[PDB]
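We give structure tokens for two forms of one protein chain below, kept apart as structure 1 and structure 2.
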Structure 1
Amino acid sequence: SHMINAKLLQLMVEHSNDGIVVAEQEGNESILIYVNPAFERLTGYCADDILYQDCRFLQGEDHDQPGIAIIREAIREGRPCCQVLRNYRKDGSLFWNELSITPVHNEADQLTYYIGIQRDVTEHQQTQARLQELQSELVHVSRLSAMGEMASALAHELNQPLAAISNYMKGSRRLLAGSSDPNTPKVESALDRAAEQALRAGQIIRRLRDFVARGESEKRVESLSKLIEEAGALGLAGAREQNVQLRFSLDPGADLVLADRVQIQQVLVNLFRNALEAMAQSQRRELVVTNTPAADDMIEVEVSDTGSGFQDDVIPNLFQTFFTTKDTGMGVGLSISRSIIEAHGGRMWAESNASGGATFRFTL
């Protein structure tokens, strides 16, 4: 049964864009007997140089890879195997090789051959590792930031009552100054100790607040394209699921800003999450990000959605700490974002959009 002529197959294999090799078993060596030009391009070795010897030279000295042992076991067993490992071109460049090997037995000559299809997954590996770094740093930064915001909010809430207590103690001392009652000394002493405890309370606040503020707010030259893509990999994963239409109408002339990177990443991740959640129950789901020039040699970024939008009595409350409309929401994202923008030398505000959604703007 021949569906196509073997010449045609050979032609397709030769011109395929994936590296395709065929090897022959000779004891512990699986010598190459065919390589297609895609393999030559991927590896940089010429076919005249590497025929009739095992492919393991692509590993170099990097033999500390479990995939190698997996492949050796698969060859010994006789089963196929797909594995991804680090290989090196003739010039020394490192690349990630996803190779599928199928051992097949030729009964014409009773030999064991293998067909190997190999492709470059280096870009996928790099993006995935970058995403892992981002997820780890984002978890650490989110824990620290939430704790710090909690501490600051408590301090602000408790400043009035402790101050009032101190002032009452001061006033009571002043009233008792001119007293002849025998109990007055003890009373005074009692009040004194009370005052001490009040001050101690304040101290405790700072003693933990500064404990969690152990992170310095750096600012460096940063590419907006880069930090938008870094934030997007975490926050904008899953656009296909909610059928959200993404549009980045970006200006190549307004790309470089002065910013930190972990803080802008966390601001954008939070904005992206809030926008995706607000458009989760929307009919038309479209998110637009745009940059424009602004005053004071700044650049303004606008993010507009078709989400749940802002009710009339909502917009001036958005940035107040603990304000949320969600059952499980905390209401910390925008407060942290506003503190980050103000620390970096910009302004942030919100408005309703003409589609019933929300438009956020900030400057840097």
Structure 2
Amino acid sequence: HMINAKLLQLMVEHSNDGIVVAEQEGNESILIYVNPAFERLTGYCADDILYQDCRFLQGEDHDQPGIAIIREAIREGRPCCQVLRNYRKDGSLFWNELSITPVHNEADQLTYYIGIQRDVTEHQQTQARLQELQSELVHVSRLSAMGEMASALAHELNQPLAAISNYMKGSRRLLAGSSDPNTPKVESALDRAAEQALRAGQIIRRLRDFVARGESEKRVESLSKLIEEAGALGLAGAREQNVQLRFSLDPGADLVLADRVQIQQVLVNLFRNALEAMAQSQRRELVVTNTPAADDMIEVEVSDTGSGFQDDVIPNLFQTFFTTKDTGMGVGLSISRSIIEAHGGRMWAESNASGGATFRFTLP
């Protein structure tokens, strides 16, 4: 009609997408045409797999929810789109997105099917990794948050509880030189008061290390990889708010010794902090840069042109619970600073020439 059928077949033959045509034979949907893209996608030759049902690509994996959906859609004659785990000739696993359209041929009085097949292995794998990274980030966020919470309340209670015990020791000394008949009752009451104060010390340390159970070591980590992993989580919104991203990396300064989950959470917090500071900024530029620093250490810098720092803010930063945000907890930077220094580096902040914020840290 619009185009020669010979040309249309030529396009299908050379399409980069897997395209097959199948023929209904009872409970079989036997292949009657496959294009070279389908031969590459599946690793099979056309002369081998023709005139049998495509379900052989599943091989052994039959507990897939999409299989029943396809069978019902074929039984109803309606099209369908499902993702299945298929296996190529060499046995390698790929996820195959099947777009199947049942078509009825009047000339044959027979039912055919056209299937467009696309490899979504790369989509499934990066998505599955993001769910790992999302659950990993949530887990370490909750653990470290209560960790900073526990050390904060412990240190802030350290002074009043110690004062209580000091007043007990002083009162007991005053009561030592006493002959009053009620003195032993007072001394016993002061004893139990001292015990309860010490027990409060026991309690806070007990619930502190209940959320600190499970701690890690360090390993060789690629900065490129962890910057990309942290960016996938923390920088997902740059395009919608027009933040210009620049990752300036040093190939000579790419491998560091770091525990990947702690540096991930530092960068996620820095990335999110930077996006928030640039919400109302006219210039929106985020730069990440690595250089060797200290004496045979390596420094990573993340600078923004965001809302920046008032004169009083910078020295109140990296301090537990300090925040300028209505809903901020002010623990992100405090946890981050402790993490970088525990890795053998230093972490600090400064205003940049554009009125924004610059954070630096070093890693070995």
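Note that the rigid core is defined as the largest set of C-alphas that superpose within 1.5 Å between two forms. Every residue number counts along structure 1's sequence, beginning with 1.
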Could you check which of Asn106, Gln126, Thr102, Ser172 shows a C-alpha shift of 2 Å or more between structures 1 and 2 after a rigid core superposition? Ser172
Taking the rigid core as the reference frame, is the Cα of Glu196 displaced by 2 Å or more between structures 1 and 2? yes
For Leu258, state whether the C-alpha moves by 2 Å or more between structures 1 and 2 after rigid core superposition. no
Cα of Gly92 displaced 2 Å or more between structures 1 and 2, core superposed? no
Core-aligned Cα shift of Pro182 between structures 1 and 2, given in Å: 4.9
Keeping the rigid core fixed, what distance in angstrom separates the two C-alpha positions of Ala343 between structures 1 and 2? 0.9
In Å, the rigid core superposition gives a C-alpha shift for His140 between structures 1 and 2 of 1.4
